[PDB]
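So this one's query00.txt, compact mmCIF, C-alpha atoms:
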```txt
# COMPACT_ATOMS: atom_id res chain seq x y z
CA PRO B 1 -8.57 128.37 51.12
CA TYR B 2 -11.42 129.65 48.90
CA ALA B 3 -11.75 126.33 47.08
CA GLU B 4 -13.91 123.22 47.25
CA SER B 5 -14.10 121.70 50.72
CA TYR B 6 -12.63 118.21 50.79
CA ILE B 7 -15.09 117.66 53.65
CA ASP B 8 -17.99 118.16 51.25
CA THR B 9 -16.25 115.93 48.71
CA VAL B 10 -16.04 113.07 51.22
CA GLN B 11 -19.65 113.57 52.33
CA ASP B 12 -20.82 113.38 48.71
CA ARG B 13 -18.47 110.47 48.00
CA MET B 14 -20.04 108.37 50.77
CA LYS B 15 -23.46 109.18 49.29
CA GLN B 16 -22.35 108.23 45.78
CA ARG B 17 -20.68 105.05 47.06
CA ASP B 18 -23.82 103.83 48.84
CA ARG B 19 -26.07 104.70 45.90
CA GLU B 20 -23.97 102.69 43.44
CA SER B 21 -24.13 99.65 45.72
CA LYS B 22 -27.91 99.95 46.00
CA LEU B 23 -28.56 100.74 42.32
CA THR B 24 -26.29 97.98 40.96
CA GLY B 25 -26.81 95.38 43.69
CA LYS B 26 -23.03 95.05 43.95
CA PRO B 27 -21.55 95.33 47.46
CA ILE B 28 -20.19 98.57 48.84
CA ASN B 29 -16.55 98.89 49.83
CA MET B 30 -17.13 98.72 53.59
CA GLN B 31 -13.54 99.77 54.30
CA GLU B 32 -13.68 103.03 52.34
CA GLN B 33 -17.18 103.96 53.52
CA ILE B 34 -16.46 103.46 57.23
CA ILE B 35 -13.04 105.12 56.99
CA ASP B 36 -14.49 108.09 55.09
CA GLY B 37 -17.01 108.39 57.92
CA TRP B 38 -14.34 108.07 60.60
CA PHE B 39 -12.45 110.87 58.86
CA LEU B 40 -15.51 113.13 58.78
CA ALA B 41 -16.26 112.45 62.45
CA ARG B 42 -12.68 113.17 63.54
CA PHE B 43 -12.61 116.43 61.58
CA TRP B 44 -15.96 117.58 62.98
CA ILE B 45 -14.36 117.31 66.43
CA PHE B 46 -11.05 118.91 65.41
CA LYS B 47 -12.66 122.01 63.88
CA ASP B 48 -13.99 123.11 67.30
CA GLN B 49 -10.77 122.51 69.27
CA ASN B 50 -8.98 125.79 68.41
CA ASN B 51 -6.18 124.26 66.31
CA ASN B 52 -6.88 125.02 62.66
CA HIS B 53 -3.31 124.18 61.62
CA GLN B 54 -3.45 120.59 62.90
CA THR B 55 -7.02 120.21 61.64
CA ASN B 56 -5.89 121.26 58.16
CA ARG B 57 -2.86 118.97 58.49
CA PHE B 58 -5.19 116.12 59.49
CA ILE B 59 -7.04 116.70 56.22
CA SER B 60 -3.70 116.59 54.39
CA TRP B 61 -2.61 113.36 56.09
CA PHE B 62 -5.87 111.66 55.10
CA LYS B 63 -5.76 112.87 51.49
CA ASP B 64 -2.14 111.85 50.90
CA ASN B 65 -2.63 108.36 52.34
CA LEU B 66 -5.45 107.95 49.80
CA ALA B 67 -3.10 108.98 46.99
CA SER B 68 -0.82 106.14 48.11
CA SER B 69 -1.03 102.68 46.58
CA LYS B 70 -2.25 101.05 49.80
CA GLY B 71 -4.82 103.84 50.04
CA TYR B 72 -7.43 102.84 52.61
CA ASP B 73 -5.31 99.89 53.78
CA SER B 74 -2.70 102.21 55.29
CA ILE B 75 -5.33 104.29 57.09
CA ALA B 76 -7.24 101.22 58.28
CA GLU B 77 -4.35 100.00 60.44
CA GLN B 78 -3.36 103.50 61.58
CA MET B 79 -6.76 104.23 63.15
CA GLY B 80 -7.12 100.51 63.92
CA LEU B 81 -10.26 99.63 61.98
CA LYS B 82 -11.57 96.36 63.43
CA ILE B 83 -14.59 94.34 62.29
CA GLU B 84 -15.33 91.01 63.99
CA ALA B 85 -18.26 88.60 64.14
CA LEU B 86 -18.86 87.54 67.75
CA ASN B 87 -21.87 85.29 67.06
CA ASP B 88 -22.98 82.77 64.46
CA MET B 89 -24.55 84.40 61.41
CA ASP B 90 -28.00 83.29 60.30
CA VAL B 91 -28.32 81.05 57.24
CA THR B 92 -31.53 81.60 55.28
CA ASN B 93 -33.03 80.60 51.93
CA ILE B 94 -31.08 77.35 51.73
CA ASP B 95 -31.54 75.80 48.28
CA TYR B 96 -29.26 72.89 47.42
CA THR B 97 -28.91 70.13 44.84
CA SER B 98 -27.37 66.79 45.76
CA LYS B 99 -25.27 64.24 43.88
CA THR B 100 -23.03 61.28 44.61
CA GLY B 101 -19.30 61.86 44.46
CA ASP B 102 -16.12 59.80 44.38
CA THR B 103 -16.11 56.16 45.46
CA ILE B 104 -14.84 55.53 48.98
CA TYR B 105 -15.08 51.74 48.75
CA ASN B 106 -16.53 49.42 46.10
CA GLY B 107 -16.17 45.70 46.69
CA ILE B 108 -17.89 42.51 47.78
CA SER B 109 -17.83 40.14 50.75
CA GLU B 110 -18.35 36.64 49.36
CA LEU B 111 -19.89 34.34 51.99
CA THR B 112 -19.87 30.66 51.03
CA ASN B 113 -21.76 27.94 52.93
CA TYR B 114 -21.48 24.16 53.19
CA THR B 115 -23.43 23.05 56.28
CA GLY B 116 -26.26 20.64 55.59
CA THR B 117 -28.62 22.87 57.58
CA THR B 118 -30.38 26.20 57.12
CA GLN B 119 -28.33 29.05 58.60
CA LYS B 120 -28.16 32.79 59.40
CA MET B 121 -24.52 33.44 58.34
CA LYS B 122 -23.13 37.00 58.59
CA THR B 123 -20.45 39.24 57.14
CA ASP B 124 -18.07 41.26 59.33
CA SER B 125 -17.55 44.99 59.82
CA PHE B 126 -14.69 47.07 58.45
CA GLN B 127 -13.65 50.69 58.39
CA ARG B 128 -12.54 52.88 55.47
CA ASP B 129 -11.19 56.42 55.81
CA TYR B 130 -12.02 59.49 53.72
CA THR B 131 -11.75 63.28 53.68
CA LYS B 132 -14.68 65.68 53.29
CA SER B 133 -14.35 69.27 52.10
CA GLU B 134 -16.41 72.42 52.73
CA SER B 135 -16.21 75.47 50.46
CA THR B 136 -18.15 78.73 50.81
CA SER B 137 -18.12 82.05 48.96
CA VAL B 138 -19.68 85.38 49.94
CA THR B 139 -21.33 87.21 47.04
CA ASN B 140 -21.48 90.66 48.68
CA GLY B 141 -18.03 90.82 50.20
CA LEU B 142 -17.15 93.71 52.48
CA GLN B 143 -13.96 94.39 50.44
CA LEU B 144 -11.62 94.65 53.42
CA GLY B 145 -7.84 94.53 53.53
CA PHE B 146 -8.00 92.06 56.43
CA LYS B 147 -9.86 88.76 56.56
CA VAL B 148 -13.13 88.85 58.53
CA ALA B 149 -14.27 85.30 59.22
CA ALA B 150 -17.71 84.18 60.37
CA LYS B 151 -19.44 80.90 61.16
CA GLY B 152 -22.86 79.66 60.13
CA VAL B 153 -24.74 76.38 60.59
CA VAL B 154 -25.98 75.13 57.21
CA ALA B 155 -28.63 72.43 57.70
CA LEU B 156 -29.48 70.47 54.55
CA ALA B 157 -32.76 69.31 56.05
CA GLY B 158 -33.86 66.79 53.43
CA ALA B 159 -30.48 65.02 53.47
CA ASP B 160 -29.82 64.52 57.22
CA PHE B 161 -26.59 66.54 56.98
CA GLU B 162 -25.88 69.57 59.16
CA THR B 163 -22.52 71.30 59.59
CA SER B 164 -21.11 74.62 60.77
CA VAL B 165 -19.03 76.17 57.99
CA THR B 166 -16.65 79.13 57.94
CA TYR B 167 -17.13 82.15 55.67
CA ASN B 168 -14.87 84.98 54.51
CA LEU B 169 -16.96 88.16 54.67
CA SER B 170 -14.10 90.26 53.26
CA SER B 171 -13.77 88.83 49.74
CA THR B 172 -15.62 86.73 47.18
CA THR B 173 -12.71 84.26 47.29
CA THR B 174 -13.61 80.66 48.10
CA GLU B 175 -13.05 79.63 51.73
CA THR B 176 -12.26 75.91 51.97
CA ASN B 177 -11.78 73.50 54.87
CA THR B 178 -10.86 69.81 54.71
CA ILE B 179 -11.52 67.35 57.54
CA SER B 180 -10.82 63.63 57.98
CA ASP B 181 -13.86 61.49 58.79
CA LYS B 182 -14.60 57.76 58.71
CA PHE B 183 -17.36 55.34 57.69
CA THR B 184 -17.89 52.00 59.45
CA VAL B 185 -19.29 49.41 57.03
CA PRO B 186 -21.66 47.22 59.09
CA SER B 187 -22.22 43.50 59.29
CA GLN B 188 -25.23 42.48 57.22
CA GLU B 189 -28.03 40.00 57.87
CA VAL B 190 -28.31 36.95 55.60
CA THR B 191 -30.45 33.81 55.83
CA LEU B 192 -28.94 30.85 53.99
CA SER B 193 -30.04 27.34 53.02
CA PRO B 194 -27.80 24.24 52.89
CA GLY B 195 -25.22 24.67 50.16
CA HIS B 196 -26.30 28.18 49.14
CA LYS B 197 -24.05 31.21 48.69
CA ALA B 198 -24.29 34.84 49.80
CA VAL B 199 -22.69 37.87 48.14
CA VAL B 200 -22.91 41.37 49.63
CA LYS B 201 -22.01 44.22 47.29
CA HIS B 202 -20.78 47.41 48.96
CA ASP B 203 -21.08 50.80 47.24
CA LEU B 204 -19.93 53.62 49.53
CA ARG B 205 -19.45 57.06 47.98
CA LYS B 206 -19.02 60.69 48.97
CA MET B 207 -22.08 62.92 48.79
CA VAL B 208 -21.77 66.34 47.15
CA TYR B 209 -24.10 69.25 47.89
CA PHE B 210 -24.16 72.43 45.81
CA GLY B 211 -26.30 75.20 47.24
CA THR B 212 -27.19 78.86 47.54
CA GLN B 213 -28.19 80.77 50.66
CA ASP B 214 -28.23 84.11 52.44
CA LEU B 215 -25.98 85.06 55.36
CA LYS B 216 -27.28 87.57 57.91
CA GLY B 217 -25.84 88.66 61.24
CA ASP B 218 -24.24 91.35 63.35
CA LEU B 219 -20.64 92.55 63.11
CA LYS B 220 -18.80 94.50 65.81
CA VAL B 221 -17.03 97.60 64.48
CA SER B 222 -14.49 99.50 66.58
CA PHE B 223 -11.86 102.20 66.10
CA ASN B 224 -8.49 101.97 67.87
CA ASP B 225 -7.36 105.46 66.90
CA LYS B 226 -6.26 106.92 70.28
CA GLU B 227 -2.67 107.11 69.04
CA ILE B 228 -3.24 108.62 65.58
CA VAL B 229 -5.87 111.16 66.71
CA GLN B 230 -3.54 112.50 69.42
CA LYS B 231 -0.67 112.96 66.96
CA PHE B 232 -2.76 115.87 65.61
CA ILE B 233 -4.63 117.19 68.68
CA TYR B 234 -3.76 115.55 72.02
CA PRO B 235 -6.07 117.22 74.59
CA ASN B 236 -9.79 116.50 74.87
CA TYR B 237 -9.52 112.98 73.47
CA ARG B 238 -12.69 110.92 73.16
CA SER B 239 -13.33 107.57 71.56
CA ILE B 240 -15.54 107.46 68.47
CA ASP B 241 -17.94 104.84 67.15
CA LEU B 242 -20.47 104.63 64.31
CA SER B 243 -22.88 106.88 66.28
CA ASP B 244 -20.49 109.81 65.93
CA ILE B 245 -20.28 109.33 62.16
CA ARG B 246 -24.08 109.40 61.91
CA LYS B 247 -24.19 112.58 64.00
CA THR B 248 -21.41 114.16 61.91
CA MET B 249 -23.03 113.54 58.53
CA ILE B 250 -26.38 114.78 59.86
CA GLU B 251 -24.76 118.02 61.02
CA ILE B 252 -22.74 118.45 57.81
CA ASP B 253 -25.91 118.27 55.72
CA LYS B 254 -27.64 120.61 58.17
CA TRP B 255 -24.79 123.09 57.70
CA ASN B 256 -25.35 123.18 53.93
CA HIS B 257 -29.18 123.12 54.26
CA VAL B 258 -29.74 119.83 52.41
CA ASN B 259 -31.62 116.68 53.34
CA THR B 260 -29.97 114.88 56.25
CA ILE B 261 -28.53 111.52 55.18
CA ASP B 262 -28.65 108.64 57.67
CA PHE B 263 -25.23 107.01 57.94
CA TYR B 264 -26.83 103.96 59.56
CA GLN B 265 -28.65 103.44 56.23
CA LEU B 266 -25.57 104.21 54.11
CA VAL B 267 -23.53 101.00 54.30
CA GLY B 268 -24.34 99.27 51.02
CA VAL B 269 -27.23 97.23 49.70
CA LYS B 270 -29.15 95.00 52.14
CA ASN B 271 -27.00 96.26 55.01
CA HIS B 272 -27.67 98.68 57.85
CA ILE B 273 -26.13 99.78 61.14
CA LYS B 274 -27.94 98.95 64.40
CA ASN B 275 -26.07 101.04 66.99
CA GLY B 276 -22.67 102.55 67.73
CA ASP B 277 -20.68 99.35 67.18
CA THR B 278 -23.06 96.88 65.45
CA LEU B 279 -23.05 96.56 61.66
CA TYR B 280 -25.75 94.28 60.23
CA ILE B 281 -25.00 92.64 56.88
CA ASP B 282 -27.10 90.42 54.62
CA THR B 283 -25.22 88.79 51.76
CA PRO B 284 -25.97 85.96 49.34
CA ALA B 285 -23.55 83.06 49.63
CA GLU B 286 -22.80 79.81 47.84
CA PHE B 287 -21.57 76.56 49.37
CA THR B 288 -20.21 73.20 48.21
CA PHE B 289 -19.83 70.24 50.58
CA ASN B 290 -17.83 67.40 49.01
CA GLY B 291 -17.92 64.38 51.30
CA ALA B 292 -20.43 65.20 54.07
CA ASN B 293 -22.43 62.05 54.91
CA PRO B 294 -21.30 59.25 52.57
CA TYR B 295 -23.92 57.43 50.52
CA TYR B 296 -23.84 53.70 51.24
CA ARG B 297 -25.68 51.06 49.20
CA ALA B 298 -25.59 47.36 50.06
CA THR B 299 -27.39 44.56 48.24
CA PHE B 300 -27.45 40.83 48.96
CA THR B 301 -28.32 38.11 46.45
CA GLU B 302 -28.61 34.47 47.53
CA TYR B 303 -27.43 31.83 45.05
CA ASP B 304 -28.35 28.15 45.32
CA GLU B 305 -25.95 25.24 44.77
CA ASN B 306 -26.39 25.68 41.00
CA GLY B 307 -25.24 29.31 41.16
CA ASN B 308 -28.76 30.60 40.48
CA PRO B 309 -30.07 33.66 42.35
CA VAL B 310 -32.81 32.68 44.79
CA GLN B 311 -33.51 35.95 46.62
CA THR B 312 -32.30 39.55 46.52
CA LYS B 313 -32.76 41.83 49.56
CA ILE B 314 -31.81 45.51 49.95
CA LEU B 315 -29.80 46.26 53.12
CA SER B 316 -28.84 49.94 52.63
CA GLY B 317 -30.21 52.71 50.43
```
Show me this structure written as structure tokens.
Amino acid sequence: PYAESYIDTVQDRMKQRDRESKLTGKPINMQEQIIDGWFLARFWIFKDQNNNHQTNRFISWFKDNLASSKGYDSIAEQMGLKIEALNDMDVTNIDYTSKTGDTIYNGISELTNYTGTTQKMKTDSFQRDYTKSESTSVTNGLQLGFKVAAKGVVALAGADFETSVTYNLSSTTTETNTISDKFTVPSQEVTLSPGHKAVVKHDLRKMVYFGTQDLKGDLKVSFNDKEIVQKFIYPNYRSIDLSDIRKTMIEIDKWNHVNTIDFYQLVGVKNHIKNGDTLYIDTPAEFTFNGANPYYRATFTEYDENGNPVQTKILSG
């Protein structure tokens, strides 16, 4: 062709993509970087299989799909790009601030008394419903066309609240879940004199936690490209994983006598590849739990026959 190799263009593009992510701190486009590597690996195999016409047509098919609007989305489903989290991701550097939220119940239970004798009269228990919400956002999203969900246990140690929340590793968009839970207001202890009164004020409210964190863990990457690869060259089919992309880019740089880049260290800032199918990512995240464990305050003031407060005991909070 006596022109610039598109192969060299892709190799340099993956380098420039990873550098921008690491020099700006912004996340890399995981879809484009892995697909660009899959393309380079598949070509490095095709070039040695004695079909230069299909190899050149495989380059054309990849280029034209990139000129399309869908771009890397159309290729991602054709070669079956799959990224899934099979284990809980680690939550680190939890820093949260707490506040009280909306009222769940605010009222009183007025306990009179008329017996001529000292007593230990008691209120009764009741049960008020509420809904708690959990919202998370990933700062360094993988920028994928498909949603890649993960779980992580966020333990707000100093607040006795601990929940497993869901994240969206593909986009910075907020991921929200709402769940119905219930608080049982307890019966409260009160010692009363003849003719004295007891009031118990209930203040039950949602608790709100705003926090930052990191999210680290392994992701399984696989290519389901058996069908699309064989539409170009059918014989001598072999499956390909991230190991083959690392080998390809090493051998491409060796061909041009330049420093060998490590694909495993070319997947965006704070990220790296562990082996053929394990991508390790480390992204900042933010969370907001609205509801969680409700804050409950209960006070009791004893009034004598003249309506004067005798004693005031704290029962919750």
Counting only C-alpha atoms, what are the residues of region 123-222 of chain B within 7 Å of region 87-109 of chain B, and for each of them which pair of atoms is the nearest and at what distance in Å, to one decimal? Sort the table by chain and rising number, as a tab-separated table.
```
residue	atom	partner	partner_atom	distance
B:123	CA	B:109	CA	7.0
B:130	CA	B:104	CA	6.8
B:150	CA	B:88	CA	6.8
B:151	CA	B:88	CA	5.2
B:152	CA	B:89	CA	5.2
B:153	CA	B:91	CA	6.8
B:154	CA	B:91	CA	6.4
B:199	CA	B:109	CA	6.0
B:200	CA	B:109	CA	5.3
B:201	CA	B:108	CA	4.5
B:202	CA	B:107	CA	5.4
B:203	CA	B:106	CA	4.9
B:204	CA	B:105	CA	5.3
B:205	CA	B:103	CA	4.3
B:206	CA	B:101	CA	4.7
B:207	CA	B:100	CA	4.6
B:208	CA	B:99	CA	5.2
B:209	CA	B:98	CA	4.6
B:210	CA	B:97	CA	5.4
B:211	CA	B:96	CA	3.8
B:212	CA	B:95	CA	5.4
B:213	CA	B:94	CA	4.6
B:214	CA	B:92	CA	5.0
B:215	CA	B:91	CA	5.0
B:216	CA	B:90	CA	5.0
B:217	CA	B:89	CA	4.5
```
Exercise for review: Would you kindly identify which residues have an atom no farther than 9 Å from (-24.6, 95.1, 49.8), using only C-alpha atoms and the file's own coordinates, and write them out as JSON, numbers by chain?
Suggested key: {"B": [18, 21, 22, 25, 26, 27, 28, 29, 139, 140, 141, 142, 267, 268, 269, 270, 271, 281, 282, 283]}
Output for the residues just chosen: C-alpha atoms as a PDB file, in the coordinates of the input:
```
ATOM      1  CA  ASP B  18     -23.820 103.830  48.840  1.00  0.00           C
ATOM      2  CA  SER B  21     -24.130  99.650  45.720  1.00  0.00           C
ATOM      3  CA  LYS B  22     -27.910  99.950  46.000  1.00  0.00           C
ATOM      4  CA  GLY B  25     -26.810  95.380  43.690  1.00  0.00           C
ATOM      5  CA  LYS B  26     -23.030  95.050  43.950  1.00  0.00           C
ATOM      6  CA  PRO B  27     -21.550  95.330  47.460  1.00  0.00           C
ATOM      7  CA  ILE B  28     -20.190  98.570  48.840  1.00  0.00           C
ATOM      8  CA  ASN B  29     -16.550  98.890  49.830  1.00  0.00           C
ATOM      9  CA  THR B 139     -21.330  87.210  47.040  1.00  0.00           C
ATOM     10  CA  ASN B 140     -21.480  90.660  48.680  1.00  0.00           C
ATOM     11  CA  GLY B 141     -18.030  90.820  50.200  1.00  0.00           C
ATOM     12  CA  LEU B 142     -17.150  93.710  52.480  1.00  0.00           C
ATOM     13  CA  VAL B 267     -23.530 101.000  54.300  1.00  0.00           C
ATOM     14  CA  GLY B 268     -24.340  99.270  51.020  1.00  0.00           C
ATOM     15  CA  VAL B 269     -27.230  97.230  49.700  1.00  0.00           C
ATOM     16  CA  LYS B 270     -29.150  95.000  52.140  1.00  0.00           C
ATOM     17  CA  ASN B 271     -27.000  96.260  55.010  1.00  0.00           C
ATOM     18  CA  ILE B 281     -25.000  92.640  56.880  1.00  0.00           C
ATOM     19  CA  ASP B 282     -27.100  90.420  54.620  1.00  0.00           C
ATOM     20  CA  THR B 283     -25.220  88.790  51.760  1.00  0.00           C
TER      21      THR B 283
END
```
Would you write out, as CSV, a table of all residues in region 120-151 of chain B that have an atom no more than 8 Å from an atom of region 288-291 of chain B, listing for each the closest atom pair and the distance in Å to one decimal, considering all atoms listed in the file and ordering rows by chain and rising residue number?
```
residue,atom,partner,partner_atom,distance
B:131,CA,B:291,CA,6.7
B:132,CA,B:291,CA,4.0
B:133,CA,B:290,CA,5.0
B:134,CA,B:289,CA,4.6
B:135,CA,B:288,CA,5.1
B:136,CA,B:288,CA,6.4
```
Review point. Do you know which residues are at most 9 Å from region 61-73 of chain B counting only C-alpha atoms, after dropping those on the same chain fewer than 4 positions away, and could you put them as a ChimeraX atom specification?
Key: /B:6,31-32,35,39,56-57,77-78,144-146
Review point. Which is closest to residue 275 (chain B) among B:9, B:236, B:243, B:60, if we use only C-alpha atoms?
Key: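 Of all the options, B:243 lies closest to residue 275 (chain B).
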Review point. Near residue 45 (chain B), counting only C-alpha atoms, which residues have an atom at most 12 Å away, once you skip same-chain residues fewer than 3 positions from it, shown as an MDAnalysis selection string?
Key: chainID B and resid 38:42 48:52 54:55 58 229 232:233 235:240 244:245 247:248 251
Can you put N, CA and C atoms back into region 113-133 of chain B and show it as a PDB file, in the frame of the given file?
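Writing the result to rebuild-v8.pdb gives the following:
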```
ATOM      1  N   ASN B 113     -21.063  28.733  51.916  1.00  0.00           N
ATOM      2  CA  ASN B 113     -21.760  27.940  52.930  1.00  0.00           C
ATOM      3  C   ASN B 113     -21.726  26.482  52.500  1.00  0.00           C
ATOM      4  N   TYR B 114     -21.533  25.591  53.472  1.00  0.00           N
ATOM      5  CA  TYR B 114     -21.480  24.160  53.190  1.00  0.00           C
ATOM      6  C   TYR B 114     -22.207  23.295  54.202  1.00  0.00           C
ATOM      7  N   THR B 115     -22.703  23.849  55.305  1.00  0.00           N
ATOM      8  CA  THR B 115     -23.430  23.050  56.280  1.00  0.00           C
ATOM      9  C   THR B 115     -24.705  22.491  55.670  1.00  0.00           C
ATOM     10  N   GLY B 116     -25.039  21.262  56.053  1.00  0.00           N
ATOM     11  CA  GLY B 116     -26.260  20.640  55.590  1.00  0.00           C
ATOM     12  C   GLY B 116     -27.533  21.177  56.187  1.00  0.00           C
ATOM     13  N   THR B 117     -27.482  22.333  56.850  1.00  0.00           N
ATOM     14  CA  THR B 117     -28.620  22.870  57.580  1.00  0.00           C
ATOM     15  C   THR B 117     -28.826  24.338  57.224  1.00  0.00           C
ATOM     16  N   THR B 118     -30.074  24.793  57.345  1.00  0.00           N
ATOM     17  CA  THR B 118     -30.380  26.200  57.120  1.00  0.00           C
ATOM     18  C   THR B 118     -29.660  27.063  58.147  1.00  0.00           C
ATOM     19  N   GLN B 119     -29.168  28.221  57.695  1.00  0.00           N
ATOM     20  CA  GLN B 119     -28.330  29.050  58.600  1.00  0.00           C
ATOM     21  C   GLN B 119     -28.611  30.543  58.498  1.00  0.00           C
ATOM     22  N   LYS B 120     -28.073  31.308  59.449  1.00  0.00           N
ATOM     23  CA  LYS B 120     -28.160  32.790  59.400  1.00  0.00           C
ATOM     24  C   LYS B 120     -26.708  33.273  59.442  1.00  0.00           C
ATOM     25  N   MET B 121     -25.961  33.077  58.355  1.00  0.00           N
ATOM     26  CA  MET B 121     -24.520  33.440  58.340  1.00  0.00           C
ATOM     27  C   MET B 121     -24.385  34.950  58.158  1.00  0.00           C
ATOM     28  N   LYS B 122     -23.268  35.549  58.584  1.00  0.00           N
ATOM     29  CA  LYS B 122     -23.130  37.000  58.590  1.00  0.00           C
ATOM     30  C   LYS B 122     -21.749  37.419  58.105  1.00  0.00           C
ATOM     31  N   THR B 123     -21.705  38.591  57.476  1.00  0.00           N
ATOM     32  CA  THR B 123     -20.450  39.240  57.140  1.00  0.00           C
ATOM     33  C   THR B 123     -19.887  39.929  58.383  1.00  0.00           C
ATOM     34  N   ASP B 124     -18.703  40.515  58.246  1.00  0.00           N
ATOM     35  CA  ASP B 124     -18.070  41.260  59.330  1.00  0.00           C
ATOM     36  C   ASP B 124     -18.004  42.740  58.974  1.00  0.00           C
ATOM     37  N   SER B 125     -17.636  43.541  59.968  1.00  0.00           N
ATOM     38  CA  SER B 125     -17.550  44.990  59.820  1.00  0.00           C
ATOM     39  C   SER B 125     -16.114  45.402  59.511  1.00  0.00           C
ATOM     40  N   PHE B 126     -15.981  46.465  58.718  1.00  0.00           N
ATOM     41  CA  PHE B 126     -14.690  47.070  58.450  1.00  0.00           C
ATOM     42  C   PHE B 126     -14.863  48.585  58.395  1.00  0.00           C
ATOM     43  N   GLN B 127     -13.796  49.285  58.019  1.00  0.00           N
ATOM     44  CA  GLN B 127     -13.650  50.690  58.390  1.00  0.00           C
ATOM     45  C   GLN B 127     -12.729  51.367  57.390  1.00  0.00           C
ATOM     46  N   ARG B 128     -13.284  52.246  56.555  1.00  0.00           N
ATOM     47  CA  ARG B 128     -12.540  52.880  55.470  1.00  0.00           C
ATOM     48  C   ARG B 128     -12.557  54.390  55.636  1.00  0.00           C
ATOM     49  N   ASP B 129     -11.375  54.999  55.563  1.00  0.00           N
ATOM     50  CA  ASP B 129     -11.190  56.420  55.810  1.00  0.00           C
ATOM     51  C   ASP B 129     -11.562  57.247  54.573  1.00  0.00           C
ATOM     52  N   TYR B 130     -11.813  58.533  54.805  1.00  0.00           N
ATOM     53  CA  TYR B 130     -12.020  59.490  53.720  1.00  0.00           C
ATOM     54  C   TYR B 130     -11.833  60.897  54.264  1.00  0.00           C
ATOM     55  N   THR B 131     -11.862  61.866  53.351  1.00  0.00           N
ATOM     56  CA  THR B 131     -11.750  63.280  53.680  1.00  0.00           C
ATOM     57  C   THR B 131     -12.902  64.031  53.026  1.00  0.00           C
ATOM     58  N   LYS B 132     -13.607  64.845  53.807  1.00  0.00           N
ATOM     59  CA  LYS B 132     -14.680  65.680  53.290  1.00  0.00           C
ATOM     60  C   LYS B 132     -14.255  67.143  53.292  1.00  0.00           C
ATOM     61  N   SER B 133     -14.731  67.884  52.294  1.00  0.00           N
ATOM     62  CA  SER B 133     -14.350  69.270  52.100  1.00  0.00           C
ATOM     63  C   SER B 133     -15.580  70.174  52.179  1.00  0.00           C
TER      64      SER B 133
END
```
